[PDB]
Student: 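One structure is given below, represented as structure tokens, and several questions about it will come after.
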4 protein chains.
Amino acid sequence: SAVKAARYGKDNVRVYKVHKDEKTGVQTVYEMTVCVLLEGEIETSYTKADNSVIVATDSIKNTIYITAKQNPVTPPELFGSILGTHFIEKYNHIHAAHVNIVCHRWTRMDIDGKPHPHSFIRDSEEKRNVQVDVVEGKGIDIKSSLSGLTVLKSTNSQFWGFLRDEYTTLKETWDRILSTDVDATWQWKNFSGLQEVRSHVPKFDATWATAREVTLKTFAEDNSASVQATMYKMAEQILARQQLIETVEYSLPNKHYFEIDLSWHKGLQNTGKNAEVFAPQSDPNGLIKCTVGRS
Amino acid sequence: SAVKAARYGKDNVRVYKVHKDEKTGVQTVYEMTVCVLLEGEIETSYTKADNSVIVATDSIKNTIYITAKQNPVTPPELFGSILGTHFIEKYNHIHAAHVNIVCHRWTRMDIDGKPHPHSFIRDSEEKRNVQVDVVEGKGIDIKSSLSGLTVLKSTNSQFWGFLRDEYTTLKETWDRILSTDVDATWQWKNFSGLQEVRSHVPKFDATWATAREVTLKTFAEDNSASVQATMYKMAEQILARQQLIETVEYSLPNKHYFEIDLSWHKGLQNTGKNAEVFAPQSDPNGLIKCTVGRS
Amino acid sequence: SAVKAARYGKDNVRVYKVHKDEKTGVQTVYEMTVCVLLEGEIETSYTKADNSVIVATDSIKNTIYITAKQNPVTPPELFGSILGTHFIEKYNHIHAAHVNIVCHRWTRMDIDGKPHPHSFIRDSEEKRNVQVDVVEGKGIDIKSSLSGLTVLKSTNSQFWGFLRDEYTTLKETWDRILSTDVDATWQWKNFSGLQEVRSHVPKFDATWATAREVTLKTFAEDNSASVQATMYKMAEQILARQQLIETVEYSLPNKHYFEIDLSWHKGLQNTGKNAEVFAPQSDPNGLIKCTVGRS
Amino acid sequence: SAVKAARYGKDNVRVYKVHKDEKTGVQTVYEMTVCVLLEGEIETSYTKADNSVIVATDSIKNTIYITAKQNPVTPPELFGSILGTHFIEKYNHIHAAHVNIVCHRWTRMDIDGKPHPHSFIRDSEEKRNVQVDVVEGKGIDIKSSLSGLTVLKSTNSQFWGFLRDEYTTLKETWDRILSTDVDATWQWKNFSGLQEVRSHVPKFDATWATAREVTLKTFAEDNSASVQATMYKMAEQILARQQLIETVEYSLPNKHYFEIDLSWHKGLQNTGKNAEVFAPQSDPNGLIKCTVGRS
Ligand SMILES: O=c1[nH]c(=O)c2nn[nH]c2[nH]1
Ligand SMILES: O=c1[nH]c(=O)c2nn[nH]c2[nH]1
Ligand SMILES: O=c1[nH]c(=O)c2nn[nH]c2[nH]1
Ligand SMILES: O=c1[nH]c(=O)c2nn[nH]c2[nH]1
Ligand code: NA
Ligand code: NA
Ligand code: NA
Ligand code: NA
Ligand SMILES: [Xe]
Ligand SMILES: [Xe]
Ligand SMILES: [Xe]
Ligand SMILES: [Xe]
Ligand SMILES: [Xe]
Ligand SMILES: [Xe]
Ligand SMILES: [Xe]
Ligand SMILES: [Xe]
């Protein structure tokens, strides 16, 4: 037998950082969960019980805190690239670092129509994520995403004209509820190293904001022919607005809300045009994915 | 042996309702999870296998949908009171209904600075809840709550002057992070029946909004001496603003963020005045409760 | 305004203890999650920012570890009683301690038909719990429970003869699936103090084992007329086998498995006597409770 | 823009099947959660709102139930292969099916030392899984796994001799607790089609049992030099016992249990040789992966 692939590291490292403006008194907080996995010339730890090649996962944890102390933690694309580069440069035998960051929302509170200097609210479990792969001699690959963005529209969604055969019971519809949890990932062109990532720093927050805005507007305004068709429109627009993105991937559940026929009870009308009360279905759910790239 | 207490019913009944304004085109959605448990002269179903006394839990489910079709579902205090009253009036042998409602957020989207007519976002997992106990001959008891409101302040929290003995290692502090998930419940004076609940309908949404506003403002502005002291201030203010409330209860975790001493690494300073990077602790957590009533 | 009730303490304190037999080499592990909440003359911490009355929750955490070091942690009824008594005796102004313990399963592994001396498996998320209320001058109240015991029977469950009215769609049945998650609590007679709890130590594990055995056997063997009827049989038997128990409470979800009519597809028969494939329902669920005491 | 990849289908489809032996009266239950995603000539549903190419996800759900009615559901490798083959054969324009199955435990109850004919218990949340990829013209690729197997050993684990630099605080140890949740996947050689999968049916359950037994025995008996070294031993043995497996992958968290220094309290000794009470850490955790193949 032989080791074909190996990676190891520390997962679920929770980190909080505060920035304090001494001039204005304003404080800004960041909170993340970080995972770092390393690869390189480490086979002997598996095959020969040779621990000399192991950077302890505990040390990886310490390194995350030290790096956060000495560097900006935002945008997360930059912090991830700094952290990954550290490992491949510091250790001769480590040749790849894989850094995953989940950013948690701490939104500044408005109290009496004024932004508060040091108080924050978690407005939704929506996350902003990065995956950064730093590979020695091959640069830095960054995938940025948003996830956990949960939306619903109560009309202006249709689904008709699908394949009908002996397995089909679904009725065609011209008016249904559409609800999903959005997972959207944009993959950046490969960067040569940290200097190049630094050169593009302003594009990271701007592209996240664009991806979010395009997703929300398209969902709200499209008279949707299917999840497939609406999601493609979203992806097309993001690619048009940021030339440094190579691909956009969406993964969308279709969270079903069923009509409830109440006609058995005193002829109560609650279907089609008369539908007011629906039963949200926890499971099963449709799952629709697509990756869109350039011609 | 004897049956000392019994209740039974249906839990986790998900309900969605849409309201459509034909004049303006504007749609408004409501989504809830409902639980209804009944009590009354039902001992024989347990002791003698006498099912004749059982209103099937499946029928309770049907009743929830029918009631939602024929009545407003907002404010939830009213809907809960309608639903509970139905069971005690319809069935001679049922003498109490216990209705729990969890309301999920569907907040209207703003697209280009304008409210969208039929598109919604789940902004946070904060819930608005009601517990309604309808007891034949004893009226209607309503507890209203908000839960899952997660906040953090990065300064203006202190904790010093506590008891120190041979079990104590905690250092006194004049500047710490304070973060909690707010669970706040206000208990209404007993109502004689549905007519009285209906007479107070406007107070329910207004009191929820007040409870939320008082909680956020007090948390943000108090130079907190402890969770105990800040929470009492919140409760006192709610009782002052709504005379129909008898008690206010808060249950608050203290979600700890620990300093990380980095001095072992090149004398890096990250404690006290120099603290920037902290480690959020998943567990354990402080838990602080209080119920405040009138003199 | 006035403080009507208050309690505070530490929740989610994870504890592991190992016992090592030097003679045999055999090791035994215990793992628990502990919550301790205190009450007493502490109103001034809320109303006057008087921290002098506060035993810090951090100190409560330390006390749990110290107590576990110096005392047996099994049975949990005993450990809980020791821990609660400590607080009311040590602090003059603390008059009640409320101790909740959840015990996690670590079952010794069998390797080649022999019990292994130091290796363990988590066989199910079933828990054994205690709630211990130690109140100065009023003794020790103990509720013991098992929870998270998930069972299913594929036949020998019936449900017919229930109330039928204009809200009823449920068909009577003489053969259905019955599945539940068992939550069963037995409440001990009040104990005068620690000496009395110690005198009954052997009864705690034996009564837990009896409660579990009675639950499983009755579920498996009863040709069930309803959840109500089967659960009563369980409770009656536990009360008969342990005279020091005052009441037994069961709380049981009815986790529904629905028939799937496939007759629309080539006349495939999958209902009634021909039912083979079913759809487990995540929600809603029946919820049936009962508390059984002595005549 | 262009569609680079697309797949869509139904997730979270819960299925239960019962088998009834008329001769012996014995019943056996199976419960699974199934996901099926399809690929093929479906780009136009995304780009042109052409639904004619869409097999509705609702129809995919129906197909899962029908297939379960007409075929054995065990071993899951076979059921998955049947289900995936159905889609690629039935629909000319569908060229790949991806089937994920999670099997839930329903273990027959022993009542008074005898196996019960129709009563079952969920003994642990350990799962047996399959991933089956059926690709037109390229055969059937099957990955089988077990997950959620949670174990702990209280001694006979060591970790010393790792890299020490200015980022390292971890002390070397010759005696520690080792606890993990096992995720182990074995990848079968490619099968040419359903006939070949059928020819190997007995190997699927036997290889699952072997993988489980090897994992448990190796964990219990190895005087572990690291997670890396012990996991490699497991993988090597599985590959030796089943020639039709090409690779074995393990993914293992290192769930840390920390010593608690109690010496500040009356010189209480609870570290090193004297350690009895430990603090389980919820996060962070080590994460160690390896894929082992043949020379
Ligand atoms: O078994 C271990 N492997 C590792 O890589 C490691 N790093 N810290 N502790 C560890 N334990
Ligand atoms: O056992 C049952 N008890 C009930 O009260 C009930 N209601 N519907 N189905 C039921 N099954
Ligand atoms: O606000 C606090 N209240 C308390 O009771 C406490 N105990 N430790 N830290 C604390 N912080
Ligand atoms: O938008 C949809 N896309 C689909 O593929 C589908 N299948 N059923 N309902 C559906 N809705
Ligand atoms: Na390197
Ligand atoms: Na009545
Ligand atoms: Na006392
Ligand atoms: Na095909
Ligand atoms: Xe951070
Ligand atoms: Xe969508
Ligand atoms: Xe609703
Ligand atoms: Xe607070
Ligand atoms: Xe313990
Ligand atoms: Xe039951
Ligand atoms: Xe199944
Ligand atoms: Xe391991």
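As a basis for the values below, the full set of heavy atoms in this structure was taken, side chains included, without hydrogen atoms, waters or symmetry mates. Just so it is clear: chains get the letters A, B, ... in the order the sequence lines come, proteins before strands, and each one is counted from 1. Just follow the structure's listing: the first ligand is 1, and inside any ligand the first atom is 1.
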Student: What's the shortest distance from atom 7 (N) of ligand 4 to any protein heavy atom, and which residue and atom give it?
Tutor: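 Looking only at protein heavy atoms, the one closest to atom 7 (N) of ligand 4 is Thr57(D) N, 2.8 Å.
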
Student: When the aromatic ring centroids of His116(D) and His118(D) are compared, is their separation below 6.0 Å?
Tutor: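 They qualify: ring centres under 6.0 Å apart.
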
Student: Are any of the N/O atoms in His256(A) less than 3.5 Å from those in ligand 4?
Tutor: no

Student: Verify whether one side chain among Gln237(C) and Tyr232(C) offers a donor that lies under 3.5 Å from an acceptor in the other.
Tutor: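 Looking only at side-chain atoms, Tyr232(C) and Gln237(C) do not form any donor-acceptor pair under 3.5 Å.
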
Student: Of all the atoms in ligand 4, which lie at a distance below 4.0 Å from a heavy atom belonging to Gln228(A)?
Tutor: 1 (O), 2 (C), 3 (N), 4 (C), 5 (O)

Student: Report yes or no: do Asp50(B) and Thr44(B) form a side-chain donor-acceptor pair below 3.5 Å?
Tutor: yes

Student: Under 3.5 Å, is there a donor on one side chain and an acceptor on the other for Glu166(A) and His265(C)?
Tutor: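 Looking only at side-chain atoms, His265(C) and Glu166(A) do not form any donor-acceptor pair under 3.5 Å.
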
Student: Side chains of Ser282(A) and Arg14(B): donor-acceptor distance under 3.5 Å anywhere?
Tutor: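 There is such a pair between these side chains.
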
Student: Distance under 4.0 Å to a non-hydrogen atom of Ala56(D): what atoms of ligand 4 satisfy this?
Tutor: 7 (N), 8 (N)

Student: Taking a cutoff of less than 4.0 Å between a non-hydrogen atom of the residue and any ligand atom, is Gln158(A) in contact with ligand 4?
Tutor: no

Student: What residue and heavy atom of the protein are closest to atom 11 (N) of ligand 4, and at what distance?
Tutor: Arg176(A) NH1, 3.0 Å

Student: Can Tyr167(A) and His86(D) be said to form a ring pair (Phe, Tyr, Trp, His ring centres under 6.0 Å), step by step?
Tutor: CA-CA 12 Å; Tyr167(A) 298 90; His86(D) 166 86; 5.1 Å; yes

Student: May I ask you to check whether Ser226(A) has an N/O atom sitting below 3.5 Å from an N/O atom of ligand 4?
Tutor: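 So ligand 4 has no N or O lying under 3.5 Å from an N or O of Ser226(A).
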
Student: Is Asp183(C) paired with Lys289(C) through a side-chain N to carboxylate O contact shorter than 4.0 Å?
Tutor: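 Not counted as a salt bridge, because no side-chain N and carboxylate O are separated by less than 4.0 Å.
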
Student: What atoms in ligand 4 come closer than 4.0 Å to a heavy atom of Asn254(A)?
Tutor: 2 (C), 10 (C), 11 (N)

Student: Going by the order shown, which atoms of ligand 4 are within less than 4.0 Å of some heavy atom of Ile54(D)?
Tutor: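 So the atoms of ligand 4 that pass are 5 (O).
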
Student: Using distance alone, determine whether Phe159(A) and ligand 4 share an N or O pair under 3.5 Å.
Tutor: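 No; the residue has no nitrogen or oxygen that sits under 3.5 Å from a nitrogen or oxygen of the ligand.
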
